[PDB]
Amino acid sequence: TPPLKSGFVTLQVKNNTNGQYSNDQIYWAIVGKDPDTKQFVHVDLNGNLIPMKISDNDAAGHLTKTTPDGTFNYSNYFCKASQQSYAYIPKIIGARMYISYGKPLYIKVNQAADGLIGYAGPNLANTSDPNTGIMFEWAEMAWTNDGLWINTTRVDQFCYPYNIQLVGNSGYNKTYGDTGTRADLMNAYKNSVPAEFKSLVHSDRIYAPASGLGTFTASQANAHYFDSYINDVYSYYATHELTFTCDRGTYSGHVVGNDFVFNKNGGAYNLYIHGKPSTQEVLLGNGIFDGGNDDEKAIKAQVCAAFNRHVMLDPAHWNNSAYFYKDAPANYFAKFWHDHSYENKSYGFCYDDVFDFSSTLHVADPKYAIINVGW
C-alpha cells in the first residue's frame, strides 16, 4: 500500500521498465482544474492545487528548448520518481498525469482565447513541437462528488505499455491497460493491421489515425477512409429505422435530408445529429458529434462508436464486441489495443466507453491507484 493522507487519493508510480529506465529517469506532473475556481492548476508534492501562472515559464528551474522555429522557456511542474514516486490528489477535474521517460515534457503555460490561463501539452502534429520524440504517456482522471474516474488512453497514441490499478476503500480492485512489452506490441501492430493503418507506426510511437502525424487527417492519404460506409449508412437509414436501447432509454432514428433525427421512448423525432460526418469526425468524435442536449450527446456517442466499430447497420449488437470490427472500414488501430489489454478494455478512440469497453476505472470511494509504467 502506497502512503495515504486522510482526505486524499494517492497515485503511486510503479517502474516496470525492467531496467530500461531508473526512477531517476521517470518524471511525473499532474495538471488539471480546481473544482471550485476552474483555474488550471498543477499539483504539488503534498496534493495542493497550485494555480498555473504565465510567469511559471520563466521562473527558477524552468526548461529551455531550441526547436526549428526558435528557442523558448517552459514551465517545470515535473518531479523525478526518485524524489517522490507517488502523488496525492484532492478533488479535481479534467486532470492529466503526464509520465515521461528520460526527460520531463516541455509544457508551455499560456492564455486561451476565451480569457482564461491554460497550458499547451504536446502537439505532435507539429514537427517543431519541443516534445517530439520524447517517451511519454498520460493518465486521465477526475475526482468529483460522484467518485473517481481514472484511465489510460490510446486516443492519441501508443508510446509505451502502461496500466492502472484502482483500489477502492471498500472492495473495488481492478486493473485496466496494455498487456505486453513495447517491442512486441510495436511488431505485432505492424503485422496485424490492414495496409491503411500500418504506417501509423513510427519508431517513437504509433499515432492514432487522425492524431499527430497520423494519415487519416483531411490532408493525408486516408482522409476519406470512412466515406463510402458513411454514405451507405446515411442512404440506408433514409428509409429504415435505427433503433437502439441503452441505460438512458430507447432511441429511434432516421435520416431526413442530411440530418439524423431521433426520438426518445417513442416520442416525437426532435433529437438531431446535424449533418453527415466526415472521416475525421468519426475518428475524432468532434464536429457534428459535438454539442447538443444530454440526449443528443448520448446519441452522438453511440453513433460515433458504432461507425468506428463498423456496426451502424446492427444496432441490436452495439453492446456486443463479438460483432465489432468485422469488416472495413473500421478503426483497426482501436481494435488492436482492445486485443492487447486486460479484459479487452481500452480507450482506442474518443467514444470507446460506449457500452463500457474503455479502460475507464471508477469507484465512489477511491483509496489509491497504482500507475504501472513499462517497456
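Heads up: residue numbers just count along the shown sequence, starting at 1.
Novice: Regarding 140-148 and 206-214, which shows the higher C-alpha temperature factor on average in the entry?
Specialist: According to the PDB entry, the answer is 140-148.
Novice: Which wins on mean Cα temperature factor, 218-226 or 151-159?
Specialist: Going by the record's values, the stretch with the higher mean is 218-226.
Novice: For the CA B factor values reported in this entry, which option in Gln111, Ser100, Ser170, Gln165 has the top one?
Specialist: Comparing C-alpha B-factors across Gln111, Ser100, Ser170, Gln165, the top value belongs to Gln111.
Novice: Could you check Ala334, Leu63, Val311, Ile30 and tell me which one carries the biggest Cα B-factor in the deposited entry?
Specialist: That would be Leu63, according to the entry.
Novice: Against its chain's modelled residues, does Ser359's Cα B factor rank lowest, middle or highest third?
Specialist: Lowest third.
Novice: If you rank the chain by CA B-factor, which third does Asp232 end up in: lowest, middle or highest?
Specialist: Middle third.
Novice: Using the B-factors in the PDB entry, rank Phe349's C-alpha atom against the chain and give the third, lowest, middle or highest.
Specialist: Ranked within chain, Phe349 CA B lands in the middle tercile.
Novice: Once the chain's modelled residues are ordered by C-alpha B factor and cut into thirds, is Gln25 in the lowest, middle or highest one?
Specialist: According to the entry, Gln25 has a C-alpha B-factor in the chain's highest third.
Novice: If you rank every modelled residue in this chain by C-alpha B factor, which third holds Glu196: lowest, middle or highest?
Specialist: Middle third - that is where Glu196 ends up once the chain's C-alpha B-factors are sorted.
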